[PDB]
Amino acid sequence: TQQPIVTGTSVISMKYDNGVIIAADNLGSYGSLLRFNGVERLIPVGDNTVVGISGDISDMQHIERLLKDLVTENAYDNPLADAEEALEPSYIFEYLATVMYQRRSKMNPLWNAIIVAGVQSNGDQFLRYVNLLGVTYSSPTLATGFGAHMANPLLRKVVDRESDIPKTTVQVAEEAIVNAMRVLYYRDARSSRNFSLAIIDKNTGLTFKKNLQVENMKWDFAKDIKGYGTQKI
Amino acid sequence: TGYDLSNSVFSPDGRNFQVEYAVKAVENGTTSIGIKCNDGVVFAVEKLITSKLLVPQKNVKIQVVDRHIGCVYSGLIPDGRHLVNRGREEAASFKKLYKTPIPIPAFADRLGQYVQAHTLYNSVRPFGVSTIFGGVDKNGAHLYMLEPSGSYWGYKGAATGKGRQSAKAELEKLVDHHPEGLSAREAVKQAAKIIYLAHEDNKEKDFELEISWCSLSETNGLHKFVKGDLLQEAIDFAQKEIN
């Protein structure tokens, strides 16, 4: 048993017609101190998977090394390491889920919530969640932390059920994701303006965008707000 | 006598006969070589086609360690696999504590100490392989060869197995004719030729050529197998020189 020290906030994601999108801001908080400002929390695995991680950053860095070591190992004595015997999103997830549950079962968890986003060999979208308890689940949209409370409601208006996925283009999905990130920036005290976003598309592969910013922010209406009830000036 | 019946026993002339007998298993294996080039290393091996029924390209022999090291060996293939498994553990544990991928000389000693350990006791048998290995690290390219005694040194080129004498002389010509060095691409071509030449001592059967390389410029310092067009072109260049 421990307690998280340096932490990352929400990871948010959804499925669309040809793939998946995942996003997470670039902050590592130290309680209420916004300590570290260039932390990458989306970690690509090969060209078909992106693992997004929230919670304890020291444990995130450990998991990141496990994933890197997974790639090294899969290539061993494997002539088809960059073809039929490449790592799938589903292999990477099952492995992480096994580790998370094992660690919880030993009363020594990896203090994280994780979303594995990718596209399988057969073109199928993969999106699944696992956390420090070993709890796993799938949905057309997934989000951790604050994102679960604020991003999901918005993302579910785009894809509310399985049949909405083929009707959702990458442009509509990305815009939904980017808006959710703005909303989290407004309302989550441990969020940052700077984030990363990754698209895994079955046709165009993995697009990884860094140094994105929240823009088109509404603050002007604040000039008219005075006092807390009766004050006029 | 009876000095040769048990590993780690010194004979009256100061020898470990069980290690010398391990060398016989090595000398009995197929030919394998390595060539250190300008910014990398090339590895190649003769694979005897015992039968038509062997699926071509499918019984791969050269092995990667970490992402930057290639290993090839002649002798008892399972012993070589055991040694590479250990090398993979050593590389992982080095990278885990120190972050940086294991340097080639550091990796050489890890294999050397392990192989040497198998000459200290009569409860184990020495390794029946000689291993040629190397790659690129922060100080450049490195090629090594390691024997059943645990002995290793760095090399300009190296060869072992049944066609070792022929390969050596070929390798010596290259060292003499190129003091400035060999390009990685030249080294691949040369490696194909030398395996073709050395295959005389093994002419009974046909064989299949297998090459790999790590080059700063050609593979970004990662170990890769030479496949398809570049492989064919080296096979062709070899066929020409034996004709």
# chains A, B, ... in the order shown; residues from 1 in each chain; ligands from 1

$ interface_residues --of "chain A" --to "chain B" --cutoff "8 Å" --atoms "only C-alpha atoms" --output "short mmCIF file (atom, residue, chain, number, x, y, z; two decimals) with C-alpha atoms, in the first residue's frame"
data_model
loop_
_atom_site.label_atom_id
_atom_site.label_comp_id
_atom_site.auth_asym_id
_atom_site.auth_seq_id
_atom_site.Cartn_x
_atom_site.Cartn_y
_atom_site.Cartn_z
CA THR A 72 12.19 -5.99 -27.24
CA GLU A 73 11.11 -9.46 -26.09
CA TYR A 76 13.33 -12.22 -29.94
CA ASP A 77 13.53 -15.25 -32.28
CA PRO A 79 11.06 -13.38 -37.95
#

$ residues_around --residues "residue 31 in chain A" --least-positions-apart "3" --cutoff "9 Å" --atoms "only C-alpha atoms" --output "tab-separated table (two decimals) with C-alpha atoms, in the first residue's frame"
chain	number	residue	atom	x	y	z
A	5	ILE	CA	2.81	11.34	-5.13
A	6	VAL	CA	3.36	12.89	-8.57
A	7	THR	CA	0.13	12.35	-10.54
A	34	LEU	CA	1.46	22.10	-10.67
A	35	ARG	CA	5.07	20.83	-10.53
A	190	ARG	CA	-5.31	19.64	-11.76

$ select_by_dssp --residues "range 143-213 of chain B" --states "strand (DSSP E or B)" --output "ChimeraX atom specification"
/B:143-146,152-154,157-160,206-213

$ select_by_dssp --residues "chain A" --states "helix (DSSP H, G or I)" --output "JSON, numbers by chain"
{"A": [57, 58, 59, 60, 61, 62, 63, 64, 65, 66, 67, 68, 69, 70, 71, 72, 73, 74, 75, 89, 90, 91, 92, 93, 94, 95, 96, 97, 98, 99, 100, 101, 102, 103, 104, 105, 146, 147, 148, 149, 150, 151, 152, 153, 154, 155, 156, 157, 158, 162, 163, 164, 165, 166, 167, 170, 171, 172, 173, 174, 175, 176, 177, 178, 179, 180, 181, 182, 183, 184, 185, 186, 187, 220, 221, 222, 223, 224]}

$ residues_around --residues "residue 21 in chain B" --least-positions-apart "2" --cutoff "12 Å" --atoms "only C-alpha atoms" --output "list in words"
residues 4, 5, 6, 7, 15, 16, 17, 18, 19, 23, 24, 25, 26, 27, 28, 75, 125, 126, 127, 128, 129, 147, 148 and 149 of chain B

$ residues_around --residues "range 221-224 of chain A" --least-positions-apart "3" --cutoff "10 Å" --atoms "only C-alpha atoms" --output "ChimeraX atom specification"
/A:218,232-233

$ residues_around --residues "residue 86 in chain B" --least-positions-apart "2" --cutoff "12 Å" --atoms "only C-alpha atoms" --output "PyMOL selection string"
chain B and resi 65-66+79-84+88-93+107+110-115

$ write_last_selection --atoms "N, CA, C and O atoms" --output "PDB file, in the first residue's frame"
ATOM      1  N   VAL B  65      20.137  -9.877 -29.509  1.00  0.00           N
ATOM      2  CA  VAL B  65      20.119  -9.631 -28.072  1.00  0.00           C
ATOM      3  C   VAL B  65      19.854  -8.147 -27.881  1.00  0.00           C
ATOM      4  O   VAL B  65      20.483  -7.314 -28.537  1.00  0.00           O
ATOM      5  N   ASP B  66      18.923  -7.822 -26.988  1.00  0.00           N
ATOM      6  CA  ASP B  66      18.430  -6.457 -26.855  1.00  0.00           C
ATOM      7  C   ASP B  66      17.967  -6.011 -28.252  1.00  0.00           C
ATOM      8  O   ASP B  66      17.243  -6.754 -28.914  1.00  0.00           O
ATOM      9  N   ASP B  79      23.156 -25.368 -27.074  1.00  0.00           N
ATOM     10  CA  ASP B  79      24.089 -24.669 -26.178  1.00  0.00           C
ATOM     11  C   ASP B  79      24.175 -23.182 -26.509  1.00  0.00           C
ATOM     12  O   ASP B  79      24.232 -22.342 -25.610  1.00  0.00           O
ATOM     13  N   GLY B  80      24.200 -22.866 -27.801  1.00  0.00           N
ATOM     14  CA  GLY B  80      24.243 -21.479 -28.252  1.00  0.00           C
ATOM     15  C   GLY B  80      22.991 -20.715 -27.860  1.00  0.00           C
ATOM     16  O   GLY B  80      23.069 -19.562 -27.438  1.00  0.00           O
ATOM     17  N   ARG B  81      21.835 -21.364 -28.004  1.00  0.00           N
ATOM     18  CA  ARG B  81      20.561 -20.788 -27.567  1.00  0.00           C
ATOM     19  C   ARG B  81      20.533 -20.526 -26.059  1.00  0.00           C
ATOM     20  O   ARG B  81      20.003 -19.506 -25.614  1.00  0.00           O
ATOM     21  N   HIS B  82      21.104 -21.446 -25.283  1.00  0.00           N
ATOM     22  CA  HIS B  82      21.196 -21.290 -23.832  1.00  0.00           C
ATOM     23  C   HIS B  82      22.040 -20.067 -23.484  1.00  0.00           C
ATOM     24  O   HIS B  82      21.698 -19.303 -22.581  1.00  0.00           O
ATOM     25  N   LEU B  83      23.138 -19.888 -24.214  1.00  0.00           N
ATOM     26  CA  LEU B  83      24.051 -18.774 -23.980  1.00  0.00           C
ATOM     27  C   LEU B  83      23.405 -17.432 -24.334  1.00  0.00           C
ATOM     28  O   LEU B  83      23.614 -16.438 -23.638  1.00  0.00           O
ATOM     29  N   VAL B  84      22.615 -17.411 -25.406  1.00  0.00           N
ATOM     30  CA  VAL B  84      21.926 -16.191 -25.834  1.00  0.00           C
ATOM     31  C   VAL B  84      20.784 -15.827 -24.875  1.00  0.00           C
ATOM     32  O   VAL B  84      20.586 -14.651 -24.572  1.00  0.00           O
ATOM     33  N   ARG B  88      20.562 -12.337 -22.984  1.00  0.00           N
ATOM     34  CA  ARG B  88      19.353 -11.517 -22.962  1.00  0.00           C
ATOM     35  C   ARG B  88      18.979 -11.070 -21.545  1.00  0.00           C
ATOM     36  O   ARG B  88      18.574  -9.925 -21.341  1.00  0.00           O
ATOM     37  N   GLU B  89      19.134 -11.964 -20.572  1.00  0.00           N
ATOM     38  CA  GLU B  89      18.917 -11.619 -19.163  1.00  0.00           C
ATOM     39  C   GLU B  89      19.930 -10.591 -18.667  1.00  0.00           C
ATOM     40  O   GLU B  89      19.574  -9.669 -17.934  1.00  0.00           O
ATOM     41  N   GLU B  90      21.188 -10.757 -19.068  1.00  0.00           N
ATOM     42  CA  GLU B  90      22.261  -9.853 -18.648  1.00  0.00           C
ATOM     43  C   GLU B  90      22.039  -8.458 -19.223  1.00  0.00           C
ATOM     44  O   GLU B  90      22.240  -7.455 -18.538  1.00  0.00           O
ATOM     45  N   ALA B  91      21.626  -8.408 -20.488  1.00  0.00           N
ATOM     46  CA  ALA B  91      21.351  -7.148 -21.169  1.00  0.00           C
ATOM     47  C   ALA B  91      20.174  -6.424 -20.523  1.00  0.00           C
ATOM     48  O   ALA B  91      20.244  -5.219 -20.275  1.00  0.00           O
ATOM     49  N   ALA B  92      19.101  -7.165 -20.253  1.00  0.00           N
ATOM     50  CA  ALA B  92      17.915  -6.613 -19.597  1.00  0.00           C
ATOM     51  C   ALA B  92      18.245  -6.026 -18.227  1.00  0.00           C
ATOM     52  O   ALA B  92      17.814  -4.918 -17.903  1.00  0.00           O
ATOM     53  N   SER B  93      19.019  -6.760 -17.432  1.00  0.00           N
ATOM     54  CA  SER B  93      19.335  -6.324 -16.070  1.00  0.00           C
ATOM     55  C   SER B  93      20.295  -5.132 -16.079  1.00  0.00           C
ATOM     56  O   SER B  93      20.235  -4.280 -15.190  1.00  0.00           O
ATOM     57  N   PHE B 107      28.934  -6.378 -22.619  1.00  0.00           N
ATOM     58  CA  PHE B 107      28.182  -7.579 -22.969  1.00  0.00           C
ATOM     59  C   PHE B 107      29.104  -8.771 -23.222  1.00  0.00           C
ATOM     60  O   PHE B 107      28.769  -9.905 -22.866  1.00  0.00           O
ATOM     61  N   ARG B 110      30.080 -10.317 -19.952  1.00  0.00           N
ATOM     62  CA  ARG B 110      28.965 -11.050 -19.333  1.00  0.00           C
ATOM     63  C   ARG B 110      28.890 -12.471 -19.879  1.00  0.00           C
ATOM     64  O   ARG B 110      28.746 -13.427 -19.116  1.00  0.00           O
ATOM     65  N   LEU B 111      28.986 -12.609 -21.199  1.00  0.00           N
ATOM     66  CA  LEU B 111      28.996 -13.931 -21.821  1.00  0.00           C
ATOM     67  C   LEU B 111      30.258 -14.699 -21.434  1.00  0.00           C
ATOM     68  O   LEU B 111      30.199 -15.898 -21.169  1.00  0.00           O
ATOM     69  N   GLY B 112      31.388 -13.999 -21.393  1.00  0.00           N
ATOM     70  CA  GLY B 112      32.671 -14.613 -21.062  1.00  0.00           C
ATOM     71  C   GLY B 112      32.722 -15.178 -19.654  1.00  0.00           C
ATOM     72  O   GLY B 112      33.169 -16.307 -19.453  1.00  0.00           O
ATOM     73  N   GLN B 113      32.259 -14.396 -18.681  1.00  0.00           N
ATOM     74  CA  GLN B 113      32.240 -14.836 -17.282  1.00  0.00           C
ATOM     75  C   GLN B 113      31.328 -16.052 -17.099  1.00  0.00           C
ATOM     76  O   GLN B 113      31.658 -16.972 -16.354  1.00  0.00           O
ATOM     77  N   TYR B 114      30.191 -16.056 -17.793  1.00  0.00           N
ATOM     78  CA  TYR B 114      29.235 -17.163 -17.718  1.00  0.00           C
ATOM     79  C   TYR B 114      29.809 -18.443 -18.332  1.00  0.00           C
ATOM     80  O   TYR B 114      29.723 -19.517 -17.731  1.00  0.00           O
ATOM     81  N   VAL B 115      30.386 -18.324 -19.526  1.00  0.00           N
ATOM     82  CA  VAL B 115      31.024 -19.466 -20.189  1.00  0.00           C
ATOM     83  C   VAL B 115      32.211 -19.976 -19.365  1.00  0.00           C
ATOM     84  O   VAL B 115      32.399 -21.184 -19.235  1.00  0.00           O
TER      85      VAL B 115
END

$ atom_distance --atom1 "CA of residue 185 in chain B" --atom2 "CA of residue 153 in chain B"
24.6 Å

$ residues_around --residues "residue 176 in chain A" --least-positions-apart "4" --cutoff "12 Å" --atoms "only C-alpha atoms" --output "list in words"
residues 12, 13, 14, 15, 16, 21, 22, 23, 141, 151, 152, 153, 154, 155, 156, 157, 158, 159, 168, 169, 170, 171, 172, 180, 181, 182 and 183 of chain A

$ write_last_selection --atoms "C-alpha atoms" --output "compact mmCIF listing (two decimals), in the first residue's frame"
# COMPACT_ATOMS: atom_id res chain seq x y z
CA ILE A 12 -10.09 10.42 -22.50
CA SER A 13 -10.86 8.38 -25.61
CA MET A 14 -13.49 7.22 -28.07
CA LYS A 15 -14.12 5.00 -31.08
CA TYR A 16 -15.04 6.35 -34.52
CA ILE A 21 -8.69 8.58 -30.54
CA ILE A 22 -7.02 9.09 -27.16
CA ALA A 23 -5.86 12.25 -25.38
CA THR A 141 -16.07 6.11 -25.06
CA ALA A 151 -15.78 14.04 -20.87
CA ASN A 152 -17.95 10.90 -21.12
CA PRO A 153 -21.27 12.82 -21.07
CA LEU A 154 -20.03 14.92 -24.02
CA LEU A 155 -18.41 12.04 -25.92
CA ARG A 156 -21.52 9.88 -25.43
CA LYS A 157 -23.62 12.52 -27.25
CA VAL A 158 -21.50 11.70 -30.33
CA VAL A 159 -21.29 7.90 -29.83
CA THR A 168 -18.77 8.95 -36.66
CA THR A 169 -15.98 10.40 -38.79
CA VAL A 170 -12.47 11.14 -37.51
CA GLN A 171 -13.16 14.88 -37.89
CA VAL A 172 -16.29 14.75 -35.71
CA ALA A 180 -13.83 17.77 -23.92
CA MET A 181 -10.20 18.72 -23.23
CA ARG A 182 -11.22 22.41 -23.14
CA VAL A 183 -14.07 21.64 -20.73

$ residues_around --residues "residue 137 in chain B" --least-positions-apart "3" --cutoff "7 Å" --atoms "only C-alpha atoms" --output "PyMOL selection string"
chain B and resi 103-104+140-141

$ write_last_selection --atoms "N, CA, C and O atoms" --output "PDB file, in the first residue's frame"
ATOM      1  N   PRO B 103      26.733  -1.785 -23.363  1.00  0.00           N
ATOM      2  CA  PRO B 103      27.802  -1.640 -24.354  1.00  0.00           C
ATOM      3  C   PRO B 103      28.371  -2.997 -24.757  1.00  0.00           C
ATOM      4  O   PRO B 103      28.305  -3.948 -23.978  1.00  0.00           O
ATOM      5  N   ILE B 104      28.937  -3.078 -25.956  1.00  0.00           N
ATOM      6  CA  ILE B 104      29.331  -4.373 -26.517  1.00  0.00           C
ATOM      7  C   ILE B 104      30.461  -5.035 -25.716  1.00  0.00           C
ATOM      8  O   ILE B 104      30.409  -6.243 -25.478  1.00  0.00           O
ATOM      9  N   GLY B 140      31.114   3.138 -31.049  1.00  0.00           N
ATOM     10  CA  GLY B 140      31.256   2.596 -32.402  1.00  0.00           C
ATOM     11  C   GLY B 140      30.930   1.119 -32.506  1.00  0.00           C
ATOM     12  O   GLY B 140      30.240   0.562 -31.649  1.00  0.00           O
ATOM     13  N   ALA B 141      31.437   0.492 -33.565  1.00  0.00           N
ATOM     14  CA  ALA B 141      31.189  -0.922 -33.836  1.00  0.00           C
ATOM     15  C   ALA B 141      32.183  -1.802 -33.088  1.00  0.00           C
ATOM     16  O   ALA B 141      33.319  -1.398 -32.836  1.00  0.00           O
TER      17      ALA B 141
END

$ closest_residue --among "A:4, A:147, A:28, A:44" --to "residue 132 in chain A" --atoms "only C-alpha atoms"
A:4
